[PDB]
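S.K.: So I've got this experimental structure, pasted below with the sequence.
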Amino acid sequence: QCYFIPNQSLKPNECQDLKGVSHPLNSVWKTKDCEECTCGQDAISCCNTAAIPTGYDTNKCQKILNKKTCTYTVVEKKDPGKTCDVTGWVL
């Protein structure tokens, strides 16, 4: 249920996670019904309620929920721009 990754940024004023997340520190935000993310001065807690990408062969990619339009995206550890292999999404 949800997860939390320790702030790896050595700058006490930023927030980064996986290979797609990466923005300056500001505060804690929580969508009304799409995604949830908080920036703890000691760690970062983020959760996802939207459907989860399935049929995705767990080879070496990462899953990220785009709170911009409530959608599920997937990038690659060595390609923070190109989407990895996807198939669909299930509740």
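M.R.: All right, it came through fine. Numbers count the residues shown, from 1 in each chain.
S.K.: C-alpha from now on. contacts and neighbour counts both.
M.R.: OK.
S.K.: mind checking which helix or strand the residue most central in space within the chain is in?
M.R.: Nearest to the geometric centre of the chain sits residue 64, at 3.7 Å (Cα atoms, centre = their mean). Secondary structure from DSSP states H and E places residue 64 in strand 61-66.
S.K.: And residue 4, by the same measure?
M.R.: strand 3-6.
S.K.: Just checking: what are the partner strands of that strand?
M.R.: strand 43-48 (antiparallel) (DSSP bridges).
S.K.: now what about the partner strand, what contacts it?
M.R.: With Cα atoms under 8 Å, 6 or more residues apart in numbering as the contact definition, strand 43-48 has outside contacts at 1-7, 15, 34-39, 65.
S.K.: As CSV, could you dump the C-alpha coordinates of that strand?
M.R.: C-alpha atoms of strand 43-48 as CSV (Å, rounded to 0.1, in the frame of the first residue of the first chain):
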residue,chain,number,x,y,z
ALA,A,43,11.7,11.3,3.1
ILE,A,44,9.1,11.3,0.3
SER,A,45,5.8,9.4,0.5
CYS,A,46,3.9,8.8,-2.7
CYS,A,47,0.8,6.6,-3.3
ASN,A,48,-1.3,5.7,-6.4
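S.K.: After it, which helix or strand is next?
M.R.: strand 52-54.
S.K.: so what secondary structure elements neighbour that next one?
M.R.: Secondary-structure packing of strand 52-54 (3 or more Cα pairs under 8 Å, 6 or more residues apart in numbering; DSSP states H and E): strand 88-90.
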